[PDB]
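Asks:
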Amino acid sequence: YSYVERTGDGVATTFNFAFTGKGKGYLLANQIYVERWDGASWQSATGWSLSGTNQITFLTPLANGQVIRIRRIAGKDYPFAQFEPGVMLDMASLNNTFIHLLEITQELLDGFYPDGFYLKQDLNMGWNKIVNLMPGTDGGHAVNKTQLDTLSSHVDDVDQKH
Amino acid sequence: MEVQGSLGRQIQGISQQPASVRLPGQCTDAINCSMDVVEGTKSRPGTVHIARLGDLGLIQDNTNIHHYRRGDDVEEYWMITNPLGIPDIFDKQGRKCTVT
Amino acid sequence: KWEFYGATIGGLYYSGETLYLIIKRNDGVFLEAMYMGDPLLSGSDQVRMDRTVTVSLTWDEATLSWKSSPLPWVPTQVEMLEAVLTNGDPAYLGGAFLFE
Numbered sequence: 003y004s005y006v007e008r009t010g011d012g013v014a015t016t017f018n019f020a021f022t023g024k025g026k027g028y029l030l031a032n033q034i035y036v037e038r039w040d041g042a043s044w045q046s047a048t049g050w051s052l053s054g055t056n057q058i059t060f061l062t063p064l065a066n067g068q069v070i071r072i073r074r075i076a077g078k079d080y081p082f083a084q085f086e087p088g089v090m091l092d093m094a095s096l097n098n099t100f101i102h103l104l105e106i107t108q109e110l111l112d113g114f115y116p117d118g119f120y121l122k123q124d125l126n127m128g129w130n131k132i133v134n135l136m137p138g139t140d141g142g143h144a145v146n147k148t149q150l151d152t153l154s155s156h157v158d159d160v161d162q163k164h
Numbered sequence: 001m002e003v004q005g006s007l008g009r010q011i012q013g014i015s016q017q018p019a020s021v022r023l024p025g026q027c028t029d030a031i032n033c034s035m036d037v038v039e040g041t042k043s044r045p046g047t048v049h050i051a052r053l054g055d056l057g058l059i060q061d062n063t064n065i066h067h068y069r070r071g072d073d074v075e076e077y078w079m080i081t082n083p084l085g086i087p088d089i090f091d092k093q094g095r096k097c098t099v100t
Numbered sequence: 547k548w549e550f551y552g553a554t555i556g557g558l559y560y561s562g563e564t565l566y567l568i569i570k571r572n573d574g575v576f577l578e579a580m581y582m583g584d585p586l587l588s589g590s591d592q593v594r595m596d597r598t599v600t601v602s603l604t605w606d607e608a609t610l611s612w613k614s615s616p617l618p619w620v621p622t623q624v625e626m627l628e629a630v631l632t633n634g635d636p637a638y639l640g641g642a643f644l645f646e
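Chains as they are written, first to last, in the deposited numbering: chain D, 3 to 164; chain E, 1 to 100; chain X, 547 to 646.
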């Protein structure tokens, strides 16, 4: 959909990306944003530039094993085009407004969320599962069965000593 | 009663007279209206910028502006006379004319 | 009555087919001609516009927008004016548009 996972490492300095939609798939150049993963967390990339309508080129080759993603972020507070009395409607703004409104919905369909996002009310799981979660760091974090398994095994180890 | 009436065409010109028996159709206030028999009440025709004459000091409340025409719609000259000075002359296209 | 924003009229000079106006605008004194016989030179409808100049629009790939020739005069009010297309796509002919 909106995001593209790209693993380009060694020698290569340019990468090509395709987005769901019409043509280049983005409203403006500033929508494109690059993220680099350092093995622990994601952070903004540096030195990247927009080569053309599609595909971007880096100033230096990426290090071996480097992984980056190309995302499409659009303004959420404001509509793309605002209309005024006694002006003419053009097809660019009319089609783009639907495209923008369709685009922002698609971003939530990829799991992307803005910073400072927290739920206000409790959510019902409705008899489902939680998957692929690391063991927590602080007491406020959640727990996977791996921590429970280790605690149970540690309990068993002392019980055998008992 | 449930009655409806008409005001007719509004081509008579503004009237300061009170509405009580004023006239059928008067348009008490009209601004920028090319007000003609066939077209009813349109808007005034626009203006076309052709040239610039000079600065703000050219025209004063005392300034004379004289216009005259020569020949078959080819020569038109505007003479402008500021106080305490020789008159200035401009052509159709706004180009200044030399005066000796 | 007719009105103009911040304008002093030196005089009206009705010459043949045209009406020539000398006006004292904010940025200088200009000569303006009124085609008050409202001829439809081109387009579906006439243009109602105070002071008219024909400009050219050229595409600009630096910012993906249209750029225009410099405006010969200083407008009185920025928000008051508007631009009207006169030669372009057949569908958009004779219609205004938004601009910066």
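Even for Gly, the Cβ is constructed at its ideal location relative to N, Cα and C.
Just by C-beta distance, which residues in the region 76-93 of chain D are closer than 7 Å to chain B?
Replies: Included in the structure are the protein chains D, E and X, with no chain B among them.
Asks: By Cβ distance, which residues of its chain are closer than 7 Å to residue 656/X, with the 5 residues on each side in sequence left out?
Replies: No statement about residue 656/X is possible, as the shown extent of chain X runs from 547 to 646 and does not include it.
Asks: Note the first and the last residue of the continuous alpha helix (DSSP H) segment covering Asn98/D.
Replies: As a position in the first sequence, residue 98/D is number 96, starting the count at 1. That run of the alpha helix (DSSP H) goes 93-111.
Asks: May I ask which residues mark the beginning and end of the beta strand (DSSP E) holding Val48/E?
Replies: Taking the first residue of the second sequence as 1, we reach residue 48/E at position 48. Looking at the DSSP string, the run of the beta strand (DSSP E) that includes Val48/E is 47-54.
Asks: Write down the C-beta distance between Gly54/E and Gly574/X rounded to the nearest angstrom, noting that I regard them as a contact closer than 8 Å.
Replies: Position 54 of the second sequence holds residue 54/E. Position 28 of the third sequence holds residue 574/X. Correct: roughly 7 Å between the Cβ atoms.
Asks: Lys570/X by DSSP, collapsed to three states: which one?
Replies: The sequence position of residue 570/X within the third sequence is 24, counting from 1. Correct three-state label for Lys570/X: strand.
Asks: Tell me whether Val36/D is buried or exposed, calling it buried when 16 or more other Cβ atoms sit within 10 Å of its Cβ.
Replies: Locating residue 36/D in the first sequence gives position 34, where the first residue counts as 1. Classification of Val36/D: buried, given that the 10 Å Cβ count is 16 or more.
Asks: Report the CB separation of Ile11/E from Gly40/E in whole angstroms; it is logged as a contact under 8 Å.
Replies: Mapped onto the second sequence, residue 11/E falls at position 11. Mapped onto the second sequence, residue 40/E falls at position 40. Going by Cβ atoms, the distance from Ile11/E to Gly40/E rounds to 7 Å, so yes, they are a contact pair.
Asks: Kindly list, in the order they appear in chain X, the residues whose Cβ is closer than 8 Å to that of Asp55/E.
Replies: As a first step, residue 55/E is located in the second sequence; it is residue number 55 there, counting from the start. Ordered by position in chain X, the residues that pass the 8 Å Cβ test against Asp55/E are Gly574, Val575.
Asks: Does any residue of chain D have a CB that is nearer than 8 Å to the CB of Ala608/X?
Replies: On the third sequence, residue 608/X is found 62 positions in, with the first residue counted as 1. Judged by the 8 Å Cβ criterion, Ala608/X is not in contact with chain D.
Asks: Do you know offhand how far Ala553/X's Cα is from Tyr581/X's?
Replies: Taking the first residue of the third sequence as 1, we reach residue 553/X at position 7. Taking the first residue of the third sequence as 1, we reach residue 581/X at position 35. Rounded to whole angstroms, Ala553/X to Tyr581/X spans 19 Å at the Cα level.
Asks: I want to know whether the region 85-97 of chain D touches the region 633-644 of chain X - three or more CB-CB distances under 8 Å.
Replies: Counting Cβ pairs under 8 Å, three or more are found: they touch.
Asks: Which same chain residues end up closer than 8 Å to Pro83/E when comparing Cβ atoms and leaving out the 5 residues on each side of it in sequence?
Replies: Position 83 of the second sequence, counted from the start, is the residue given in the question as residue 83/E. Closer than 8 Å at the Cβ level, and outside the excluded window around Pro83/E, lie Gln60, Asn62, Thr63.
Asks: Between which two residues does the beta strand (DSSP E) holding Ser611/X run?
Replies: What you label residue 611/X is simply residue 65 of the third sequence in a count that begins at 1. Taken as a continuous stretch (DSSP letters only), the beta strand (DSSP E) holding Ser611/X covers 611-614.
Asks: Below 7 Å on C-beta distance, what does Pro45/E contact in chain X?
Replies: Residue mapping note: residue 45/E aligns to position 45 of the second sequence, counting from 1. Ordered by position in chain X, the residues that pass the 7 Å Cβ test against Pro45/E are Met580, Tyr581, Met582, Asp584.
Asks: Taking 8 Å as the cut-off, decide whether the C-beta atoms of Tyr28/D and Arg74/D are in contact.
Replies: Walking along the first sequence from the start, residue 28/D turns up at place 26. Walking along the first sequence from the start, residue 74/D turns up at place 72. Yes, the Cβ-Cβ distance between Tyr28/D and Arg74/D is below 8 Å.
Asks: Going along chain X in order, which residues have a C-beta closer than 7 Å to the C-beta of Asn32/E?
Replies: Locating residue 32/E in the second sequence gives position 32, counting from the first residue. Under the 7 Å cutoff, chain X gives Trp548, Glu549.
Asks: What are the partner residues of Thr554/X, as DSSP defines its beta bridges?
Replies: For the purposes of this step, residue 554/X is taken as residue 8 along the third sequence, with counting starting at 1. The partner list for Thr554/X (beta bridge, DSSP) reads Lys570/X.
Asks: Starting from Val160/D and walking both ways along the alpha helix (DSSP H), at which residues does that stretch end?
Replies: Position 158 of the first sequence, counted from the start, is the residue given in the question as residue 160/D. Here the alpha helix (DSSP H) through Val160/D covers 147-163.
Asks: Are there 16 or more other CB atoms within 10 angstroms of the CB of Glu75/E, so buried, or fewer, so exposed?
Replies: Stepping through the second sequence from its first residue, residue 75/E is reached at position 75. Classification for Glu75/E: exposed.
Asks: Please state whether the Cβ-Cβ distance between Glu549/X and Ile31/E is less than 8 Å.
Replies: As a position in the third sequence, residue 549/X is number 3, starting the count at 1. As a position in the second sequence, residue 31/E is number 31, starting the count at 1. Against a cut-off of 8 Å, the Cβ pair of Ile31/E and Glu549/X comes out as a contact.
Asks: List the residues of chain E that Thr598/X touches, going by C-beta distances under 9 Å, in chain order.
Replies: Position 52 of the third sequence, counting from 1, holds the residue named residue 598/X. Per Cβ cutoff of 9 Å: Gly46, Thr47, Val48, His49.
Asks: So, with DSSP's three-state summary, where would you put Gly40/E?
Replies: Taking the second sequence and counting its residues from 1, one reaches residue 40/E at position 40. It is a strand residue.
Asks: Comparing the C-beta of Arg9/E with each C-beta of chain X, is any distance below 8 Å?
Replies: Here the question's residue 9/E lines up with position 9 in the second sequence. No, its Cβ sits nowhere closer than 8 Å to a Cβ of chain X.
Asks: Could you spell out where the beta strand (DSSP E) holding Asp606/X opens and where it closes?
Replies: Mapped onto the third sequence, residue 606/X falls at position 60. From DSSP, the beta strand (DSSP E) with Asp606/X extends over 603-606.
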